[PDB]
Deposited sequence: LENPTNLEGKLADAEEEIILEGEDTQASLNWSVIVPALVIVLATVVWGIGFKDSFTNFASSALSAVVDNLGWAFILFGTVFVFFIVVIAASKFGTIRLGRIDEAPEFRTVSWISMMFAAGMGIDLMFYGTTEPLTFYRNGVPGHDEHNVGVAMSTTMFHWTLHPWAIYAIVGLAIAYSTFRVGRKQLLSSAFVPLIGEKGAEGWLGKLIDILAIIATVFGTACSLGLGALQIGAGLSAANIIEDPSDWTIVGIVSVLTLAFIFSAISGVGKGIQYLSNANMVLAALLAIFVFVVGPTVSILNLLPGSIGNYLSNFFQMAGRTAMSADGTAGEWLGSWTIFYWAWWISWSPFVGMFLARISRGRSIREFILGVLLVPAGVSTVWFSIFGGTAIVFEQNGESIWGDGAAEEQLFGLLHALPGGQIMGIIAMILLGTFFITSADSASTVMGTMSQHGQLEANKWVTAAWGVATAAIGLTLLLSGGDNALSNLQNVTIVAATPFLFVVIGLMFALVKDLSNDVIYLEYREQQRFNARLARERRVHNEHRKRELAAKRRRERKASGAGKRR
């Protein structure tokens, strides 16, 4: 039974964008690049303040008595081995996002410097990206992951975000407004969040193509068309297979750069980027548009605030995944797992790519070149022996990522587009994929030169509504837990 009460109000907005954006582009590119400014100016304090509130909240919940509570029936144990569990989180924190920013993120920070500091600064270059890909995001994925796991396993509600809000709102199934609105926002967010990955991943393919068979905007459509097409072919079975073919390619690329690049230096950056990240954490936690001397405003809009929005928009999906994979875990074991494990991949993957990118800058090999993030990865690879064949596998890996990232995404979307049915309808899954690949393709076309700007801009806008929901999820979750049987028994 497809809950149309949600499917359509979320299809109105998804279509409206792929309507007043693709053809009627002027009003789109304009409205977007000003609406993004509206929220970053008056709501940046929100993304920032609550962004670190999540990391605290979630840590104190782990350390709380709630930690011993078991996501499932009383004294229930896990469905999988711990190491099997961990390896599903290692692969959980991997994909387009790390491909695209792995090289340019720390690079840009080193080359252009950071508000509150100066250029050519490794420590700050590294600890800043650590900031963007470690504790902060996964706290959000933990908040949403936990809320879902708890409501669907421990209390046996529907696997919908709306359900996690029962303690506060419900008010029955919280139906009508709110319950529907929460899940409606959950859908929208998931779409644009993944549309932001499918998008820039598609324009990292294009840039990669300029390293073999060889800017024509048409190609981007050509790219998306084939990938979104393979998405439909492989949505009839699969994800479990390619998500395993991803970890070989990715490991091949990383292990490659690690050996064939400045091995010792990359290694140096492990303790470095972790030691810096802990030293600067709160300084970074304290950067708003008021620093540095009312100057760090613009930067924050293009990094810290963007990411924050993107992480929050991707929490309905990633939250589902973790919950769906952590049944039987204690709340404490869950939190610590979701925080510490995924961040291991980030830390390493950035030290591998962004690490050698920094070393090339210092040694005059600079792979910057016109400063187009999209074509920086291949810039890196090419500077390494055998990096001409690696630059291709890098594309084939982005290709496979695109698909799987859209399989898993749409599954979760179908799941919440019909009363939280785990049994995903193979049609309502595909219907959400090509719909996501639409706005992914829309943000690319509507911008051209900028592209990446609007691709980051609108997601910042599609996410801001859902920020307040995650914020409320903190309240909906302390109530559930303090009303738990075990906690009332202790």
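- Residues 1 to 27, 242 to 244, 268 to 271, 525 to 566 of the deposited sequence, counted from 1, carry no C-alpha coordinates in the model.
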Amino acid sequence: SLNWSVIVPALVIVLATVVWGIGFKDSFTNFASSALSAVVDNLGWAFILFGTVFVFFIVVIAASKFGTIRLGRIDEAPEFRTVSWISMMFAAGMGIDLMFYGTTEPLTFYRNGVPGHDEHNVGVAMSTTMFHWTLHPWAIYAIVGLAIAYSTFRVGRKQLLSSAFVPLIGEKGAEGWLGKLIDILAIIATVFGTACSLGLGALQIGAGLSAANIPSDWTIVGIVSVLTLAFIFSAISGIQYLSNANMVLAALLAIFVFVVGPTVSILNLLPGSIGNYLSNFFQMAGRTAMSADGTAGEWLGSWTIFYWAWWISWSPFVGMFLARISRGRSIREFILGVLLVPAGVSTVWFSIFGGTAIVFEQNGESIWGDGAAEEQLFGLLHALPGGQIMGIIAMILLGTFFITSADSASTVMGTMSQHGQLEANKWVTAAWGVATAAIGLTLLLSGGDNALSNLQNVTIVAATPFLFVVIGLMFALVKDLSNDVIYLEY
From here on, numbers count along this sequence of modelled residues.
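- Across the two stretches, 313 to 321 and 191 to 199, the PDB entry reports the greater mean Cα temperature factor for 191 to 199.
- Stretches 303 to 311 and 215 to 223 differ in mean C-alpha B factor, with the higher average recorded for 215 to 223.
- Within the group 462, 58, 32, 39, the record's highest C-alpha temperature factor is found at 32.
- Which of 238, 78, 272, 262 has the largest Cα B-factor in the deposited entry comes down to 238.
- Ranked by C-alpha B-factor against the other modelled residues of its chain, residue 466 falls in the middle third.
- Residue-level temperature factors show residue 409 in the middle third of its chain, judged at the C-alpha atom.
- When the CA B factors of the chain's modelled residues are split into thirds, the value for residue 268 lands in the lowest one.
- The entry lists a Cα temperature factor for residue 11 that places it in the highest third of the chain's modelled residues.
- Among the modelled residues of the chain, residue 457 sits in the middle third by CA temperature factor in this PDB entry.
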